[PDB]
Amino acid sequence: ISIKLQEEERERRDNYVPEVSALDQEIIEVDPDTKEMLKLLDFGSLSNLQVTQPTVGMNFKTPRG
Amino acid sequence: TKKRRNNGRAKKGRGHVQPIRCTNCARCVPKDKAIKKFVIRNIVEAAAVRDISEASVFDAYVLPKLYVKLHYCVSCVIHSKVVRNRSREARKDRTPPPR
Amino acid sequence: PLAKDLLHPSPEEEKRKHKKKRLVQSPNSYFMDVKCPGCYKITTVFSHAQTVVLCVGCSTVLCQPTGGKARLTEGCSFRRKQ
Amino acid sequence: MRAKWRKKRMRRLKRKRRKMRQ
Amino acid sequence: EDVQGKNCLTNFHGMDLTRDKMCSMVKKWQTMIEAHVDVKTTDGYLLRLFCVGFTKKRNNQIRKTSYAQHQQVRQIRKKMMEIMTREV
Amino acid sequence: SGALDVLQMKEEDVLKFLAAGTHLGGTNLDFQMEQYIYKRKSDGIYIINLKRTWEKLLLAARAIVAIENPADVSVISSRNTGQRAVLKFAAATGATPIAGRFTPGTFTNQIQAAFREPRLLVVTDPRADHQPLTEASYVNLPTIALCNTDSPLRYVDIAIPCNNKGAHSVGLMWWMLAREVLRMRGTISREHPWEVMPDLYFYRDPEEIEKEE
Amino acid sequence: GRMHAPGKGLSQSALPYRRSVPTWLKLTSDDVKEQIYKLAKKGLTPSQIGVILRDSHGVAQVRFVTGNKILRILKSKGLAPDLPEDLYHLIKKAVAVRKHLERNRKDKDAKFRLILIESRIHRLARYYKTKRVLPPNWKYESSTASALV
RNA sequence: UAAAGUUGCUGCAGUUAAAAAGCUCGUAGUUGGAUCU
RNA sequence: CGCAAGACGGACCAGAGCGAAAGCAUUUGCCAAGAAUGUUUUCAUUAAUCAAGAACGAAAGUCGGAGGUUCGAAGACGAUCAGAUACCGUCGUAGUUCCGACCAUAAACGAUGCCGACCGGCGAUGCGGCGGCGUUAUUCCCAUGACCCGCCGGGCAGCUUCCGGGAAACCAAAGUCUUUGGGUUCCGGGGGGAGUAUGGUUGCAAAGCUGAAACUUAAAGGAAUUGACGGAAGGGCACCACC
Numbered sequence: 069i070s071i072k073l074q075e076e077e078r079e080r081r082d083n084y085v086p087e088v089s090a091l092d093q094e095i096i097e098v099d100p101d102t103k104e105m106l107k108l109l110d111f112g113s114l115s116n117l118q119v120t121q122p123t124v125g126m127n128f129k130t131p132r133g
Numbered sequence: 002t003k004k005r006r007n008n009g010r011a012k013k014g015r016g017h018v019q020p021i022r023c024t025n026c027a028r029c030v031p032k033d034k035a036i037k038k039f040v041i042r043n044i045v046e047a048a049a050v051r052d053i054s055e056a057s058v059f060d061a062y063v064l065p066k067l068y069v070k071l072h073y074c075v076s077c078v079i080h081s082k083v084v085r086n087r088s089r090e091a092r093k094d095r096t097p098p099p100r
Numbered sequence: 002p003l004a005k006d007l008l009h010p011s012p013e014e015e016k017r018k019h020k021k022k023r024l025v026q027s028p029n030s031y032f033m034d035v036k037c038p039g040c041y042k043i044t045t046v047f048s049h050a051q052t053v054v055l056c057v058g059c060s061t062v063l064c065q066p067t068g069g070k071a072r073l074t075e076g077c078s079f080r081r082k083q
Numbered sequence: 001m002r003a004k005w006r007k008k009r010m011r012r013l014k015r016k017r018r019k020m021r022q
Numbered sequence: 089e090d091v092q093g094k095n096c097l098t099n100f101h102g103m104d105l106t107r108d109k110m111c112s113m114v115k116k117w118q119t120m121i122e123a124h125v126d127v128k129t130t131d132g133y134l135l136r137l138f139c140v141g142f143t144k145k146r147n148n149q150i151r152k153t154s155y156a157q158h159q160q161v162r163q164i165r166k167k168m169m170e171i172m173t174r175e176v
Numbered sequence: 002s003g004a005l006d007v008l009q010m011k012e013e014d015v016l017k018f019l020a021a022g023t024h025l026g027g028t029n030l031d032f033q034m035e036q037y038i039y040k041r042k043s044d045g046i047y048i049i050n051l052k053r054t055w056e057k058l059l060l061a062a063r064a065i066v067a068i069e070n071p072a073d074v075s076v077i078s079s080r081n082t083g084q085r086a087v088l089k090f091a092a093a094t095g096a097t098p099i100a101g102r103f104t105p106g107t108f109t110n111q112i113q114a115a116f117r118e119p120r121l122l123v124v125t126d127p128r129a130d131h132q133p134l135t136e137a138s139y140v141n142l143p144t145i146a147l148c149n150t151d152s153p154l155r156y157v158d159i160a161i162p163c164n165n166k167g168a169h170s171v172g173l174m175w176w177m178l179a180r181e182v183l184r185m186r187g188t189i190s191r192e193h194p195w196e197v198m199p200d201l202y203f204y205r206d207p208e209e210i211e212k213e214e
Numbered sequence: 002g003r004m005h006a007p008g009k010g011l012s013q014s015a016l017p018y019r020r021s022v023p024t025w026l027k028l029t030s031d032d033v034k035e036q037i038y039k040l041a042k043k044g045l046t047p048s049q050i051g052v053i054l055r056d057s058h059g060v061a062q063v064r065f066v067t068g069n070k071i072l073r074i075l076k077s078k079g080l081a082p083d084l085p086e087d088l089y090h091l092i093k094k095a096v097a098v099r100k101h102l103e104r105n106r107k108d109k110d111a112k113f114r115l116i117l118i119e120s121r122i123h124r125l126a127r128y129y130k131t132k133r134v135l136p137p138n139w140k141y142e143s144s145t146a147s148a149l150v
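Quick look at the structure:
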């Protein structure tokens, strides 16, 4: 069915917005490597981020076979 | 015409592979071309588990298993339906069936 | 990808290559001046040495041959040249 | 006829000819 | 070797692992190393001892196989034989 | 950006990108996406260079703007993650949306009911939207794509390097594209933040829909 | 690829572009020449002399310090060996293989390797005869070649 | 004779249509890296 | 429970390794050999391919000697069958095992000559080397192993791809081919006759290498497609199927 009223209903339902954006947060955890990326991007002076420590090891591959 | 890239065996990088005898017919088939099944079986069947467990002299005996490796030739493996023919595209799939 | 070009730096893509396959080939080895704490003079040792070299004033094993780079003994301070 | 059996037949023919031709 | 008073007195003759136990350890992506020694105790009991070991997959291993190189296997076999001889 | 202070990256944009995790790629790296990454992390995640992301977004916005009839640009999303974002982008910029299943032959079968002839194509993911990508190679249709680290670049003419797996990232990417297209056209202005905010473009689960009301 | 093997190895030395004497190296050309003379008198082949000078004395390349190659220096001083060291080592390997094959007659692999070694010997000897390094009547015979070793 | 690029120097083929020696070594033959105004 | 003999070396064992191929799997020792890697070592064109010539060459087979467990051509018997001379069963000779001579052939296959250059991507794996968080063992420093993450070089392969090719199957070579020329060896020319005859040569023999013609014939053949059929597999349906 391709009725116009269904499109109107869908577009009204999708027209939802909160008062606070989900991207509006005080603390953003950022890894040191992306911090270096920001610093080389002329954005190392931003105080909105927070140091999250890197992972202990490099165990990210799933076991083979 | 060639049906399989590996010719239905795993012989890559060597000339000769020692043969083994099929457990079903005693046919000489190469160890890489032979079709291998490793069965782990309870030595007591599911129906007989209750009787043997009740008649045991110990408590929680956990019955021993049986580890048998069967090597099949292609003919006996096909007749026994261990493996079966597949479509030309499904043939290339080496992923074992779920278990 | 745009070889021998200064616009995109590639020290890291050049010393990663095989030594013979570089734009201009160059060894991956070096000579190193070694001090032994018990000794008092320089010894210039090849990094991939194949000889069990001894101190020129003593009888101490400076390094041992391995498959690749030679293995130096403990305490001997080694510094690359050039 | 299988090729190897025809080859065997030809071998037997040659042997018989060698025997007869002394 | 003796029977006294309707009692048979036994003595050590040998030792083995059960068939299921030894079949259960032989898995297909590891090396199994076997050694054997003919060694005599201080009482004169000559014993043939067979030792078996298997290479262990590390807890963070991604590699499927845990094979030992031939010299590593020879060193392990040497250690096994030496320890068996020392203990007997 | 063209080395223009008016078109350069802002602090708010970088903060939004970091909050949405747009810089976070996958553990795999397509060899044609190498120039858009910064470095691999210790856990295998590739970091996407946000300056390159901004450059490619602005180039895509320029490509979209240089089409006078806005309905001649098609914005596609087969995945559920980008359907809402694509619909909002189409409403904002006047482009034509294809959210949901893209039936094959839409660009090639002139008899079909839904037959349309776009002048530009934008997709949410080359992998998921491979059908419109392949069809674009039949009607001389250039393509703009939101490409992750492991996205294939075949039939993609302008790739925007970004995280296209997360709902926040996809919504924010479409929101920035719409904002920049509108800014370049003449509508709205760069002297003040846009009234719309990215959460409207986001995809939300029905459970979250129920919870947040 | 290898002359007598299916190997396609690439491993070899990679000379640096600069042909100058290293700054660290303080040995005069004559000092390197006397060290070469001493090592030759010790009973070493030019390859061994070069290896020792590289490993211990820091002489990266003798040709770059003295302007001459080690074999040429040994010849000019008059203490170069009778036959070239590569041919000498090939003959030594052939002698070792023949000694092994005398007491191991069922080793067909050894016979095949001996054939390869003697083919290499003959090729090198023909090249040397072309360069007048060996006398034109020189021939490798496997009856008393152990004396040549 | 051309057609026959079905005798292929120009200019053919040789996994499955006819076809690469079981495999190496090896003399002749053939072919041979840069470099000197 | 012992003793003896002759074979064989399971599981581990893999699209893993080594070898020129054939081929190679219990421990340990001796003997000589070898690839790759490392190398700011040495020689300095010594090279590639190869008529002649030569080494090796599965199995079966031949001669002589030793041995002879198992299996087993031939053969005997029992079955099945219209018949079976075969499949199946019980035996069983040569042989299968080893030593010394012979033979030189296999679907000896990747049905794909060797050497060199260039032309995509990805994840693995084997060896060597290089670099690096962190985890374990040496119950102590460094090192060295076992892991983990990468890089480089050869290697066995795999997946993928509108590189390109091809009749296609399919092949990162079987590509860089009418936009045709990097070097070189062997070799094919419609199907049969026929790898036959004959000659030569090799062999104890069996036979191996070389190798026709008369004559006959319009196709034989390759790849793929659709059907039909299958004593091939997997499904579905009708109380003219069953329960």
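As given, the protein sequences belong to chains A, B, C, D, E, F and G, one line each in that order. Residue numbers for the first sequence follow UniProt numbering, so the first one is 69 and each next one is one higher. Residue numbers for the second sequence follow UniProt numbering, so the first one is 2 and each next one is one higher. Residue numbers for the third sequence follow UniProt numbering, so the first one is 2 and each next one is one higher. Residue numbers for the fourth sequence follow UniProt numbering, so the first one is 1 and each next one is one higher. Residue numbers for the fifth sequence follow UniProt numbering, so the first one is 89 and each next one is one higher. Residue numbers for the sixth sequence follow UniProt numbering, so the first one is 2 and each next one is one higher. Residue numbers for the seventh sequence follow UniProt numbering, so the first one is 2 and each next one is one higher. Heads up, the beta-carbon is just placed ideally off N, CA and C, and yes, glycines get one too.
- Legend: CB atoms of the region 87–104 of chain A lying less than 7 Å from CB atoms of chain F belong to residues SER89, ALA90, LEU91, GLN93, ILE96, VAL98, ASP99, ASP101 and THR102.
- For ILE96 (chain A) against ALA20 (chain F), the beta-carbon gap comes to about 6 Å, under 8 Å, which counts as contact.
- A check of alpha carbon separations from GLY83 (chain F) across F:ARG184, F:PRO98, F:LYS17 and F:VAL74 identifies F:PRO98 as the nearest.
- Listed as beta-bridge partners of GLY141 (chain E) by DSSP are E:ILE121.
- Taking CB atoms only, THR24 (chain G) has a neighbour in chain C less than 8 Å away.
- Collapsing the DSSP output to three states places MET33 (chain C) in a strand.
- Out of F:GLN36, F:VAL66 and F:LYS42, the CA that lies nearest to the CA of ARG53 (chain F) is found in F:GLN36.
- Rounded to whole angstroms, the gap between the alpha carbons of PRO143 (chain F) and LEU121 (chain F) is 5 Å.
- In this structure, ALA90 (chain A) keeps its C-beta atom at 8 Å or more from the C-beta atom of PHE108 (chain F).
- For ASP130 (chain F), DSSP records no beta bridge to any residue.
- Residue-level contact by beta carbon holds for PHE47 (chain C) and chain G, with a gap shorter than 8 Å.
- Counted as a single uninterrupted DSSP element, the beta strand (DSSP E) harbouring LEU71 (chain B) occupies residues 66–73.
- Contacts with chain F at 8 Å (Cβ-Cβ) include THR123 (chain A).
- Close CB contacts of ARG133 (chain G) within its chain, under the 6 Å cut and outside five residues either way in sequence, are absent.
- Rounded to the nearest whole angstrom, the C-alpha separation of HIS123 (chain G) and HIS49 (chain C) is 34 Å.
- Three or more beta-carbon pairs separated by less than 8 Å link the region 87–105 of chain F to the region 120–135 of chain F, which places the two stretches in contact.
- Taking 8 Å as the cut-off, the beta carbon of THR23 (chain F) is found closer than this to the beta carbon of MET174 (chain F).
- Flagged as an interface residue toward chain E: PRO65 (chain B), by a C-beta distance shorter than 8 Å.
- Secondary-structure assignment with DSSP links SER11 (chain C) through no beta bridge to anything.
- The beta carbons of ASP151 (chain F) and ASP73 (chain F) sit no closer together than 8 Å.
- Segment contact: the region 34–41 of chain C against the region 71–80 of chain C, three or more CB-CB distances shorter than 8 Å; contact assigned.
- When secondary structure is reduced to three states using DSSP, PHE79 (chain C) falls in the strand class.
- Closest in C-alpha terms to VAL75 (chain B), from the list B:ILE41, B:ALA47, B:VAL69 and B:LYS32, comes B:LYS32.
- Between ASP126 (chain E) and chain B, the shortest Cβ-Cβ separation is not below 8 Å.
- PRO65, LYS66 and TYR68: these are the residues of the region 59–83 of chain B whose beta carbon lies less than 7 Å from some beta carbon of chain E, given in chain order.
- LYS20, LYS21, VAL25, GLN26, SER27, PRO28, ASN29, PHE32, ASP34, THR44, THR45, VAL46 and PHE47: these are the residues of the region 20–48 of chain C whose beta carbon lies less than 8 Å from some beta carbon of chain G, given in chain order.
- By the criterion of at least three beta-carbon pairs nearer than 8 Å, the region 100–114 of chain A is not in contact with the region 116–127 of chain E.
- Contact annotation, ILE150 (chain E) with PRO131 (chain A): C-beta distance approximately 6 Å; criterion of less than 8 Å satisfied.
- Annotation: the continuous alpha helix (DSSP H) that includes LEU115 (chain G) extends over 109–131.
- In this structure, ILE48 (chain F) sits away from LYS57 (chain F), with a CB-CB distance that is not shorter than 8 Å.
- Secondary structure at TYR47 (chain F): strand, using DSSP grouped into helix, strand and coil.
- Between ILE118 (chain G) and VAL98 (chain G), the gap from beta carbon to beta carbon is short of 8 Å.
- Cβ atoms of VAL63 (chain B) and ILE53 (chain B) stay farther apart than 8 Å, at about 11 Å.
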